[PDB]
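A.B. asks: all I have is the shape, not the residue letters:
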Ligand SMILES: [Cl-]
Ligand SMILES: [Cl-]
Ligand SMILES: [Cl-]
Ligand SMILES: [Cl-]
């Protein structure tokens, strides 16, 4: 509408990718037009997708979409957060070559933003709506994230199935978390510092911290804080080397 | 209606909690009135919620609700079981401060009672209905519990995602079981004695027993019977201390 | 219709099993007639079930069923593949005594065939339809299988919850894979040779191979190729014995 905001290569690429896909598979036209092409913005596309996935007789897509609208209005920074979350997927995963892929398909990405809505509702004292969302996400996306948990931006929830994040956990920016991960057990759950990779099935338990840029090997059981710039593996986890 | 049965602090608290929540977030009114406030009893509230979550074109909420009614009629003790299952959640989990939370939201609690219905159907020789329920629960609650499995009362299925319970398994009373747990492999699956805690991701395999009050650390692989009043951890599991 | 194809003991047994079940529980009549008895073939029964489970407002059962039809037409060998996949379940699992059980109920079996459809679509350059299916299956069946992955016949996906299979993975024939398994990380994911059993929660990571007839113990973390005819266990996995 005016100024630097008009530069939006991610949205423009997504719109191009949906145009080309509908051309290639016209039966998917209702899907791609309703989710992307008929949308006035990437924000609305992402809200709409997630409201559609979570929508139920119990609480309709429309109500979820209306509430998402209220959250964007109160949290204008969500425009950037969602784009860098998108960017994380694109940069960190060779499996998917389009910006549209996380928006349409990847439940990890849908669960992140669902949590962001739930967290805001929770903070506003709308705790039933926050628990409803937590419950719905746990059932549909298989991600159980307590609404009081704090998630940074550029988070990559890869595959996602089985993720459990406790009430007092904190995840900072540019973290990647695989499927089957527990951030579990006043302050009694983990603090994950920026740039961390958490591998498949890892359990990180207690009020401990995982230092910046560290890697948690698949299947690790982490019961003690991890220094920055190390790789840890094993049950129980031990430092096995350095990393950048 | 008469006598000691009229004392029902859990139901009364739930009804108060739903009244207050609808007041605080009126859009959730359809939900809270249909699930709690319009219900004549806690039994009906819990049946209704679970029938709504599992309801599908294939087999409707109403049919599931009618069958749940038949199960309560045959199994009048379910009134108590469901209340002590509720109580377990309230007592054992700091994350949720209301009795209504497991009833409305927590799939673990929904899966326990779904299993109870499936088990009864199985015993009655209604094995397709029991397998249908098992299948539905596995898909929606991510809990795969064979209908022939036997679950005690006051069970806390915390987070629940990925639970697998085999045909010959037995869980006694006051057990807590986290997400990602396998009770797996004549008698070929585990017997879990009363008061046991099973941590996230543990696999307990074979016709072995876990003694009363014992704890299974997150990520343990248990291939041999565990004595009462010990903590075990590791792959393979070893006793690491005593506990009460 | 003519010749050796008329011999179809699996379909005939299924039809008998559905007739008997509807008799025993008539409320399940809509289900059993729509899924089995009104079907002209086992192929159509399996397509119909899976299209019903995956069907959504976003993309309807009918469209999924029409696309499944196109896949069978192009891939006539699916008739055999689906029967030997059925046979695998029947032979390898004591919990279920009917051929109809995997067809109606077991999400593992539904996810295998969903992948087969997604893979074909992917190869045809219908990558959005393939990703949509992958996404839907991940959400409903809790199986995340990249469409470029290659799965052999007679595969038994037992319990299935949490399965993650990467883009370059290969699974050969007569493999069994439990819940919670990762075949994860050019060629960067595992090659599983024929006759392998992969136990609950195992993670097999990298461009490594698991030799013919080998067993992967529950909870193993496999970072190096495994010889044929051995059992491996532990974090990290070590050979613990021979097997046939
Ligand atoms: Cl935000
Ligand atoms: Cl009962
Ligand atoms: Cl095929
Ligand atoms: Cl899982």
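C.D. replies: It's in. Numbers count the residues shown, from 1 in each chain, chains lettered A, B, ... in the order given. Ligands and ions are numbered 1, 2, ... in the order given.

A.B. asks: what does chain A put close to chain B?
C.D. replies: For chain A, the residues in contact with chain B (Cβ under 8 Å from any Cβ of the partner chain) are A:57-59, A:63, A:67, A:125-129, A:131-132, A:134-135, A:138-139, A:142, A:144, A:146, A:161-162, A:164, A:166-167, A:180, A:182, A:184, A:201, A:203, A:205, A:219, A:221, A:235-236. Quick note: C-beta positions are derived from backbone N, CA and C, even for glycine.

A.B. asks: restricted to helices, list those.
C.D. replies: Assigned to helices by DSSP state H, the following of those qualify: A:63, A:67, A:127, A:128, A:129, A:131, A:132, A:134, A:135, A:138, A:139.

A.B. asks: of those residues, which is the most crowded?
C.D. replies: In terms of neighbours by other Cβ atoms under 10 Å in any protein chain shown, these top out with residue A:134 at 28 neighbours.

A.B. asks: surely that residue meets residue A:144?
C.D. replies: Yes - between residue A:134 and residue A:144 there is a contact at 7.0 Å, judged by Cβ atoms under 8 Å.

A.B. asks: can stretch A:152-169 be found next to ligand 1?
C.D. replies: No - judged by Cβ under 5 Å from the ion, stretch A:152-169 stays clear of ligand 1, getting no closer than 7.5 Å.

A.B. asks: near chain C, anything from that stretch?
C.D. replies: Yes - judged by Cβ under 8 Å from any Cβ, stretch A:152-169 and chain C are in contact via A:159, A:161, A:162.

A.B. asks: list the contacts for the second one?
C.D. replies: Which is residue A:161. A:107, A:142, A:143, A:179, A:180, B:161, C:138, C:142, C:144, C:161, C:162, C:164 (Cβ atoms under 8 Å, 6 or more residues apart in numbering or on different chains).

A.B. asks: what count of nearby residues applies to the third one?
C.D. replies: When you say that, I think you mean residue A:143. 27.

A.B. asks: correct me, but it touches residue A:109?
C.D. replies: No - the pair residue A:143 and residue A:109 fails to qualify as a contact (Cβ under 8 Å) at a distance of 10.6 Å.

A.B. asks: hey, what's in contact with both of those two?
C.D. replies: Residues touching both residue A:143 and residue A:109 (Cβ under 8 Å, 6+ apart) are residue A:157.

A.B. asks: ligand 1 contacts on chain A?
C.D. replies: Chain A has residues A:75, A:78, A:81 near ligand 1, with proximity defined as Cβ under 5 Å from the ion.

A.B. asks: rewinding a little: now, which of the residues of stretch A:152-169 next to chain C lie close to ligand 4?
C.D. replies: Subset of the residues of stretch A:152-169 next to chain C in contact with ligand 4: A:161, A:162, counting by Cβ under 5 Å from the ion.

A.B. asks: ok, the residues of stretch A:152-169 next to chain C vs residue C:2, which is closest?
C.D. replies: residue A:161 (45.9 Å; Cβ to Cβ).

A.B. asks: distance of that closest one from residue B:142?
C.D. replies: Distance from residue A:161 to residue B:142, counting by Cβ to Cβ, to the nearest Å: 8 Å.

A.B. asks: what do you get for residue A:103?
C.D. replies: 24 Å.

A.B. asks: now do residue A:85
C.D. replies: 24 Å.

A.B. asks: of the two, who's got more company?
C.D. replies: In this view residue A:85 and residue B:142 are compared by other Cβ under 10 Å, and residue B:142 has more residues nearby, 28 against 25.

A.B. asks: I'd say that one and residue B:164 touch.
C.D. replies: No - taking contacts as Cβ under 8 Å, residue B:142 lies outside contact range of residue B:164: 9.8 Å.

A.B. asks: give the contact list for residue A:56.
C.D. replies: Counted by Cβ under 8 Å, 6+ apart, residue A:56 has contacts residue A:136.

A.B. asks: residue contacts, residue A:131?
C.D. replies: A:147, B:96, B:101, B:104, B:105.

A.B. asks: residue A:47 now?
C.D. replies: Applying Cβ under 8 Å, 6+ apart, the residues contacting residue A:47 are A:65, A:68, A:69, A:72.

A.B. asks: now the helix or strand containing it, how far from the centre of its chain.
C.D. replies: According to DSSP states H and E, residue A:47 maps onto helix A:42-54. With Cα atoms, centre = their mean, to the nearest Å as the basis, helix A:42-54 stands 13 Å off its chain's centre.

A.B. asks: circling back to that earlier point, most surrounded residue in the contacts of residue A:47?
C.D. replies: Neighbour counts for the contacts of residue A:47, by other Cβ under 10 Å, peak at residue A:68, which reaches 25 neighbours.
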